[PDB]
């Protein structure tokens, strides 16, 4: 019945600085007869269950530090981290308990903001071992960059490819706040020994022009 919408979906904040997460309810969680907002917040660190963080909109669950704060009313709420610590990196969820079914928001990922760092780019041609299986995988590696947003284009003989590649991103590293990405181009072998040159072309905010890596055969 009641939908919960959080904004933004993803949020990057510098260490020491202020983090703000909003949550919109489709109906209104305020009961006019007790003046209470029926709204909860959760913190979910990677590979662990949610942890109750705030309830009645602004009451902190026992054990929650002072820097976590909840505010808002009726249909519009806000979770605030005033001085962002490193252990606060997680997904934050808002949950209404005015009506049943009890419904959650989609979550908001909170990550450390740092200075922009372009990726180191590497390229791997298929192994020979993979030669016999009849499939060829070309792997492009983007190493230690910030932010997560990047664009990887494949070009065989300067022909852009579309549909034959998949991507995988690591989670933000805990010692340097960077990301790493892998882009794998998948070709049958009945297509890899036909084109001399293979290239991945990397787009990133830390690069004013693309970086290209290539090999031949």
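Positions refer to the first chain, counted from 1.
Here the stretch with the larger average CA B-factor, out of 143 to 151 and 96 to 104, is 143 to 151.
When 77 to 85 is weighed against 132 to 140, 132 to 140 comes out higher, by mean CA B-factor as recorded in the entry. In the PDB entry, the Cα temperature factor peaks, among 187, 53, 30, 169, at 187. Ranked within its chain, residue 179 lands in the middle third, by CA B factor from the PDB record.
In the PDB entry, a CA B factor belonging to the lowest third of its chain's modelled residues is recorded for residue 70.
Sort the chain's modelled residues by C-alpha temperature factor and residue 22 lands in the lowest third, per the entry. In the PDB entry, a CA B factor belonging to the lowest third of its chain's modelled residues is recorded for residue 49. When the CA B factors of the chain's modelled residues are split into thirds, the value for residue 58 lands in the lowest one.
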